[PDB]
Amino acid sequence: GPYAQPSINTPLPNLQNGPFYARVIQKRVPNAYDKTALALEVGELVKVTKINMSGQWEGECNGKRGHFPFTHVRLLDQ
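Cut-offs applied
- Residues numbered from 1 in each chain as written, not as in the entry; some residues may be left out.
- Heavy atoms only, no water.
- Patch = residues over 30% accessible without salt bridge, like charges linked within 9 Å, V, L, I, M, F, W, Y side chains within 5 Å.
- Areas by Shrake-Rupley, 256 points an atom, 1.4 Å probe, with all protein chains shown as cover.
- Salt bridge = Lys/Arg side-chain N within 4 Å of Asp/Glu carboxyl O.
- Helix = DSSP H or I, 4+ residues; strand = E, 2+ residues; numbered from the N terminus.
- Buried < 20%, exposed > 50% of the residue type's maximum accessible area, 1.4 Å probe, protein only.

Enquirer: Would you explain a nonpolar patch on the surface in this entry?
Expert: Nonpolar side chains collect at one region of the surface, where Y21, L45 and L76 lie side by side and expose about 240 Å² of accessible area between them. By the secondary structure assignment, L76 is in strand β5 (residues 73–76).

Enquirer: Teacher, can you tell me more about unusual backbone geometry here?
Expert: Trans is the prevailing form of peptide bonds, just as negative phi is the prevailing case for residues other than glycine. The phi dihedral of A4 is positive, around 55°, even though this residue is not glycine. Although it is not a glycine, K35 sits at a positive phi angle of roughly 55°. By the element assignment, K35 lies in the loop between β1 (20–24) and β2 (44–50). Taking the relative accessible area as the measure of exposure, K35 reaches 55% and is therefore exposed.

Remember that the coordinates give geometry; whether it matters functionally is a separate question.
Here it is, written out as structure tokens:
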């Protein structure tokens, strides 16, 4: 199965390997009180604990949580 195998496409949270990473090539530096926004910047990496269909997931970055779309991230599919 897709376990660290054919990429996350339209899947329920934690499927294959479970998480992935996504290199944020453009983000804002927000706080988790802002919705829940991931505090990270360009060139950083996140581990999106929350996986979904449309690419609008929740990231978790070494203790920061939040939710940011696929619009400006590069996924390190697992």
